[PDB]
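Observations on chain architecture
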Amino acid sequence: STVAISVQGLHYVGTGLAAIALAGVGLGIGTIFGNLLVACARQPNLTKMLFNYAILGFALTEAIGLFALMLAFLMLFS
Amino acid sequence: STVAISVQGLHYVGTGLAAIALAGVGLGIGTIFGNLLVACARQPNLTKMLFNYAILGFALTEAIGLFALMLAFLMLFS
Amino acid sequence: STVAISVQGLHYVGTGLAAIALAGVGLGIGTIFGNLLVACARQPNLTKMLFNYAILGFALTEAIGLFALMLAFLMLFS
Amino acid sequence: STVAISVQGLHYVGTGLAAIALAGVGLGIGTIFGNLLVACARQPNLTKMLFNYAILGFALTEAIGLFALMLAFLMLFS
Amino acid sequence: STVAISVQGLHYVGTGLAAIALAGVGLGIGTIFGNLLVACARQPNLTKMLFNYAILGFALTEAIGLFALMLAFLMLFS
Amino acid sequence: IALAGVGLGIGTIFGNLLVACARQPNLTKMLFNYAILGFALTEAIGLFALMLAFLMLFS
Amino acid sequence: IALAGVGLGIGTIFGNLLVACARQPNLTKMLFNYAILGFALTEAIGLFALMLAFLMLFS
Amino acid sequence: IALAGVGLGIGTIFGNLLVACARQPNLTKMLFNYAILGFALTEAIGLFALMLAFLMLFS
Amino acid sequence: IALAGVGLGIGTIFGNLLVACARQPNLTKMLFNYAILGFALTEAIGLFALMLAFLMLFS
Amino acid sequence: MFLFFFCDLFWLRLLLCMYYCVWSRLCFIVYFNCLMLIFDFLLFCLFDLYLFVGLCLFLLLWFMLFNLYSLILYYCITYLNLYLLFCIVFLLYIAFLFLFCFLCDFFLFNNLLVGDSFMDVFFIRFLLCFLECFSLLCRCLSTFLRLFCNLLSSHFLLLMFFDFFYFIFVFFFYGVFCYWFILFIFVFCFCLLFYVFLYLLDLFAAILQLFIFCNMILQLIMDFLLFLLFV
Amino acid sequence: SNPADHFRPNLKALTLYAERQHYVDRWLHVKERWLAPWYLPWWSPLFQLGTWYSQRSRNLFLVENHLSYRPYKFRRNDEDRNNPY
Amino acid sequence: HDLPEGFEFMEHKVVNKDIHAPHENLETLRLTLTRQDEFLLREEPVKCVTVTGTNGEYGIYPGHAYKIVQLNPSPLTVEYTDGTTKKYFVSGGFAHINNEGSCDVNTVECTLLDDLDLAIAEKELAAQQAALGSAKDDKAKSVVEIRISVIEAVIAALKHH
Ligand SMILES: CCCCCCCCCCCCCCCCCC(=O)OC[C@H](COP(=O)([O-])OCC(O)COP(=O)([O-])OC[C@@H](COC(=O)CCCCCCCCCCCCCCCCC)OC(=O)CCCCCCCCCCCCCCCCC)OC(=O)CCCCCCCCCCCCCCCCC
Ligand SMILES: CCCCCCCCCCCCCCCCCC(=O)OC[C@H](COP(=O)([O-])OCC[N+](C)(C)C)OC(=O)CCCCCCCCCCCCCCCCC
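Residues numbered from 1 in each chain as written, not as in the entry; some residues may be left out. Chains lettered and ligands numbered in written order. Part of a larger assembly, values for the part shown. Heavy atoms only, no water.

By the method listed in its record, cryo-EM, this PDB entry was determined to a resolution of 3.2 Å.

Right, dumping it as C-alpha cells:
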C-alpha cells in the first residue's frame, strides 16, 4: 500500500556530501602551487607568467568548487 | 503483503553523491596546470601551444564535471 | 511475517553513486594531458603525434565514464 | 518474532557501488597513457612498440571493469 | 522485546562494496604498465624481461581481483 | 572530510617548497611568499567546509 | 576521517624534507624550520576536525 | 579509517628516506632522526583516532 | 578499510627501496633494515586496526 | 510479430543520389589506417589484409549519416539499440575471427600462451592464456558497449540542457525589462556558451568514436597478421 | 522517463502478428511441396539439407526430460516473475 | 703497425666500485678541479663541494651516488674538513660524481671569485643591455642574453658575499 514519507533531516546529509567535493578542489590548488614553486626554481625568469597561469588554474578549479558549493547551500536551506 | 513506500528527502542524498564527482574533476584540472608550469619552465618558448593543450584538457574535464552536474541538478528537481 | 516492500526513492541513491565513477575518469584525463605537456616540452618535434595518442587515450578513458553514466540514467529513468 | 522483509529497491545501491569501481579503471588507463606520452618523447624510435604494450594494458585493465559492469546488470535486471 | 528481522535485499549492497575493490586492482595494473613503458624506453634492450615481470605482477593483482569477485558472487547468490 | 584534502594540499605545497629551496636557496623569500599564498587559498576552502559543518551542527 | 588527510600530508612534507636535505644538507637548519611551519598548519587543520569530533561526542 | 592515512604517511616518509640515504649515505644518521620525528608526529594523530574509537566503543 | 592505507604504504616503501638499491646498490643492507623498520611500524598500525575490528566483531 | 518501419535517411539517400551521380575524389577518411597497414617497405602479407577497407568505408558512411546528423533536433538514430549494435559488432568481429580460424593454422595461436618457458606453465601461463582468450570476446563487447553508451549519454545531456534553456528563455526573458536584467543576461550568456560547447564536443566525439570503432576491428585483424620480407 | 522516450524509431508504419504454429506449418507445407517430386531423390544433399537438421532438432526436443518447468513460449502475460502460467 | 692511444700515457685512472661489494664509510671526498686540460686541485680530500647544476644546486659529500651534472655559469664552493671554504666561479662544463668517493669537475674556465670585479660586470651588463636593442637578428639577441645571464650570475655571486 502507499506510504509517502517526508523526512526533513535528510537535507543535511546531502549538504555534507556536497562539501566533500571541496577536498578535490583544495588539494587541486596545492598541486598547482606545489609545482609552481618548482617551476620558479627551474626558470626564475618566468616568475610572472607562471604566476598568472597558476592563478588561472586556481580560477578554473575554484569555479568548479563554487558550483559544488551552490548545491551544498541550496539543500541546506531547502 | 505488498507494501509500498516513497521517501521525499532521498533526492538530497543522491544529489550530494554526484557532487563528489567534482572532487576528481577539480583535482584533475589542478594537475594539468601543475604540469603546464613545469613544461613552461622546461621549454619556455612554448608558452602558447602548451596553454592551448591545457585549455583543451580543462574543457574535456569540465565536460565530465558537467555530465555529473546535470544529474546533480536533475535529481534535486525530481 | 512476510512483507513485499517496494521503496521508490532508492533509485536516486544508486544514481549518485554511479556519478562518483566520473571522479576517476575526469582525474585520469587530466593526468594524460599533464604528461602530454611534459612530453611536448621534452621533445616538441613530436607534439602532433603525441597529441593524437592523447586524444586516443582520452577517448578510451572517457568511454568508461559513459558506462557508469548509462547506469545512472537506467536507474534515474526507472 | 520471525519477520521477513523483502525490499525491492535495494539493487540500485549495489549497482551504483559496483559502478564506482570504474573510477580506478579510468585512472589506470590515464596513468598508462600519460606514461606512454612521456616515454615516447624519450625514445621516439620505439614509439610503435610502446603503443602495443599500452594497448595490452588497456586490454588487461578494461576487462576488470567489465566484471564490475557485469555485476551491475546482474543486480540491475534482478 | 525481541525481533528476528531478515531483509532479503542486503546482499546487493555487499556485492557492490566487494566490487569496489577492483578500483585498486585496475589502478595497480595501470601503474605496472606505466612503469613498464617508462622502463622500456630507458633500457629497450631488456624489453622481454620487463614484460615478463609486469605480467607476473598483473597475475598477482588479478588473483586479488578474483578473490574479490569470489566474495561478490558468493554474497550475490547465497 | 573536506579538510582531508585541504590539509593534504598544504603538505604538498610545503613539500615542494623544500625541494624548491634546495635547488634555488637564493629564492627562499619569493617561494615562501607563494607558499603562503597557496596556503591561504586552500584555507579559504577549509573555512567554507568548516562553515557548512558548524551551521549543520548548531541548527 | 579528516585526520587521514592530515597525517598523510605531514608525511609528505617530511618525505620531501629528506630529499631536500640529501641535496643541500648545509641548508638543513633552514629547511627544518619551514617543515615545522608546515606541520604547524596542517596540524591546526586537524584540531578543527578533532573539535567537531569532541563537540558531537559530548553533546 | 584514519589509520589508513597515518599508515600510508609513515610509509611515504621511509620511502623518501631510502631515496635520500642512497643519494648521500654519509647523512643517514641525521635523516634517520628526522624520519623518526615524522613518525612520532603521524602516530600521534593515530592516537587521537584510537582514543575516539576507545571513547566510543566503550560508551 | 584501514588496512588499505597500510598495504599501499608498505608497497610504497619497497617501491622506493628498489629504486634506492638501483641508485646505491652497495648500500642494500641499511636500506633493507630501514624498510623492515617502516614495515614493522605500519604493521603495528594495522594491528591496532585489527584489534578494534576483533573487539567489535566479538561484541 | 513483424514491425514495418523505415530509416531516417531517405532525404540523405536523395541527396546522395543527386550529388553522386557523377564521380568525385575522396581525400579525407575518418579511419585512414585501414589503407596503410604496412609501414616498413619490402614487407608483404599473403593474407587478405585489405579486405576490411570496403566494410570500413561503408560503416563510416552509414554511422556518419546517422550520428552526425542526429545533432539536428528531432533527427532520429534509428539503429540506437544495445542488442542491434551487438549484432553488428558480432558480425564484423566474429567474421574476421572465423576467417583466421578457418585457416586451420594452429600455430597462429601460439602467442596466446603468454610468457616464456621460465614461467610455470599451469599456474601462470595457462591462466594468462585463459585471460587473453576471455579478453578477445571482452574487446568485442566493450567495442559495442562503448559505441552505444556515447550516443546515449551525449543525447540525453543535450535533451536535458535544451529543456532547461527553453524553460528559462520562455518563462524568464521578461527580466530583461526588469531591474534584475543583469542576472538574466549572465545566465543567458552562460547558456549560449554551454550550447556551443556541447555541440562542438558532440561533433568531435562522434567522429572519434567511429575512429575507435574501426580501430578495434583493425586491431583484431592486426593481432594475427604475419609479414614476410622480400628477398 | 520523458527524455528516455525520445530514443524511439519515428517511422513505424504497420505491425503484423502471426502464430509460430501457423507459419511453421505453412513453411513445412512449402518444403514438402518442393521436396516431394520424384526427380529429387531422398539421398540428394538438397533433400537432406532440408530435412535432417529439422528432424534432429525435433528429436532433441522430444527426448528432453527436464526436472524444471519451462513456461509456455506464447503466454498472454510473461512479465510477471511470480506467475509462470 | 699499431698506434697507441693517448689515454695510455695517463696512469691516474678512474676507480669504479663494483656492484656486489661491501659498503665503506668515507670521511673525505677526492676532488679534481680542472680548467682547459689543467688542474687546480689534484685528488684533494675535501669535506664537501657545492656545485650549481642546470636543474639546481647539488651538495656533494663522500659516498654520493654516481651521477653526471651539466654545470651552468655559477659559483662553486669547496669546504675542507678543517673548516676552510674556497670559492671559485665557473663558466660551464661537467661534473662527474663517483660512488667510490671522487668528484671530477671539468670546467672550460674556473677562476677565483676574488679575481672578479663588480664595476666591470656592471658596465659590461649595461653595454650588453644597450646592444640587445640593436641586436642584428635573433641569434645576436640570444648571444647577448647568454652574456647578460653570465654577468648577472657573477654579480649575484659577488653580492652574496
Ligand atoms: C496487408 C497490408 C500491406 C502490407 C503487407 C505486408 C506483408 C508482409 C509479409 C510478412 C513479412 C514478415 C517480415 C517483415 C519484416 C519487416 C522488417 C522491416 O521492415 O525492417 C525495416 C527495414 C527498413 O529498411 P530501410 O532502411 O527503410 O530501407 C528500405 C526501404 O525500402 C528503402 O530502401 P532502398 O531505397 O535502399 O530500396 C531500394 C530502392 C531504391 O530507391 C528507389 O527505387 C526509390 C523508390 C523507393 C521506394 C521504396 C521506399 C518506400 C517508401 C514508403 C512508401 C512509398 C509510398 C507508398 C504509397 C502507398 C499508398 C497506400 O528501390 C526500391 O525500393 C525498389 C522498388 C521500387 C518500386 C517502384 C514502383 C513504381 C511503380 C510505377 C507505376 C506506374 C503506373 C502507371 C500507370 C498508367 C496508366 C495510364 O525494412 C526493410 O529492410 C524491408 C522490409 C521488407 C520485408 C519484406 C516484406 C514483404 C513484402 C511486402 C510487399 C507488400 C506489397 C503490397 C502493398 C500494397 C499496398 C497496401
Ligand atoms: C564538418 C563540421 C560541420 C559543422 C557545421 C556547423 C553548422 C553551424 C550551424 C549554425 C546554426 C544553424 C541554425 C539553423 C537554424 C534552422 C532553423 C531552426 O529553427 O533550427 C533550430 C534547431 C533547433 O534549435 P532549438 O532547439 O532552439 O529549437 C527550438 C524549438 N522548440 C522550442 C520547439 C523545441 O537548430 C538546430 O538543431 C541546429 C543545430 C546544428 C548543429 C550542426 C549540425 C551539423 C551536422 C549536419 C550537417 C548537414 C550537412 C548536409 C549537407 C549535404 C550532405 C550531402
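**Focus on the pattern of salt bridges**
Residue and element names in this part refer to chain L. According to the stated counting rule, one finds seven salt bridges over all chains in the structure shown. Note that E100 and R30 form a salt bridge whose closest N and O atoms lie 2.5 Å from each other. Of this pair, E100 sits in the loop between β7 (93-98) and β8 (102-107) while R30 sits in strand β1 (residues 29-35), and the two are 70 residues apart along the sequence. The exposure class assigned to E100 is partly exposed, which follows from its relative accessible area of 21%. For the salt bridge of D138 with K141, the shortest nitrogen-to-oxygen distance reads 3.4 Å. A residue pair is termed a helical-turn pair when its members lie 3 or 4 positions apart in one helix, as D138 and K141 do in helix α2 (residues 138-160) at three residues. Relative accessible area serves as the criterion here: at 53%, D138 is assigned to the exposed category. Overall, the relative accessible area of 34% leaves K141 in the partly exposed class. Several salt bridges share partner residues, and in doing so they unite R35, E38 and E109 into one network. (Salt bridge = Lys/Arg side-chain N within 4 Å of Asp/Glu carboxyl O. Helix = DSSP H or I, 4+ residues; strand = E, 2+ residues; numbered from the N terminus. Buried < 20%, exposed > 50% of the residue type's maximum accessible area, 1.4 Å probe, protein only.)

**Overview of the packing of aromatic side chains**
Using the criterion set out here, one finds 60 aromatic pairs over all chains in the structure. Seen from their ring centres, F73 of chain C and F156 of chain J are 4.9 Å apart, and the 25° between their planes marks the pair as stacked. Taken together, the positions of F73 of chain C in helix α2 (residues 47-76) and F156 of chain J in helix α4 (residues 121-172) put the pair across two chains. Just as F73 of chain C is buried, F156 of chain J falls in that class too. (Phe/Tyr/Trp six-rings, centres within 6.5 Å; stacked < 30°, edge-to-face > 60°.)

**Description of the domain arrangement of chain L**
All names here are of chain L. Structurally, chain L comprises domain 1 (21-116) and domain 2 (117-161). One C-alpha centre belongs to domain 1, the other to domain 2; they are set 26 Å apart. In this complex, domain 1 contributes seven residues to the contact, which on the side of domain 2 involves seven residues. For domain 1, the biggest contributors to the area lost against domain 2 are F89, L113 and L116; these three give 63% of the whole. Summed over the shared surface of domain 1 and domain 2, the number is zero salt bridges. (Domains from an automatic or database assignment. Contact = heavy atoms within 4.5 Å. Buried area = accessible area lost by both parts, 1.4 Å probe.)

**Section: the site of ligand 2**
All names here are of chain J. Inspection of the region around ligand 2 gives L68, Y69, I72, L73, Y74, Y166 and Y199 as its neighbouring residues. At 3.4 Å from an oxygen atom of ligand 2 is found a main-chain nitrogen or oxygen belonging to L73. One of the side-chain nitrogen or oxygen atoms of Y166 is found 2.3 Å away from an oxygen atom of ligand 2. When isolated, ligand 2 has an accessible area of 1,300 Å², and the protein chains bury 36% of it. Here the residues of the shell around ligand 2 sort into seven nonpolar, no polar and no charged. (Near = heavy atom within 4 Å. Polar contact = N/O pair within 3.5 Å; in protein donor to acceptor, adjacent residues only side chain to side chain. Areas by Shrake-Rupley, 256 points an atom, 1.4 Å probe, with all protein chains shown as cover. Nonpolar A, V, L, I, M, F, W, Y, C, P; charged D, E, K, R; others polar.)

**A short note on the UniProt feature "binding site: UTP 1" (unreviewed entry) in chain A**
Taking the numbering used here, the UniProt-annotated feature "binding site: UTP 1" (unreviewed entry) corresponds to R42 of chain A. Among the structural elements, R42 of chain A can be located in helix α1 (residues 10-42). For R42 of chain A, a relative accessible area of 22% corresponds to the partly exposed category. When residues no more than four places from it in sequence are discounted, the contact partners of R42 of chain A are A41 and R42 of chain B together with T54 and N55 of chain L. (UniProt positions renumbered as here; feature names shortened; annotations may be inferred.)

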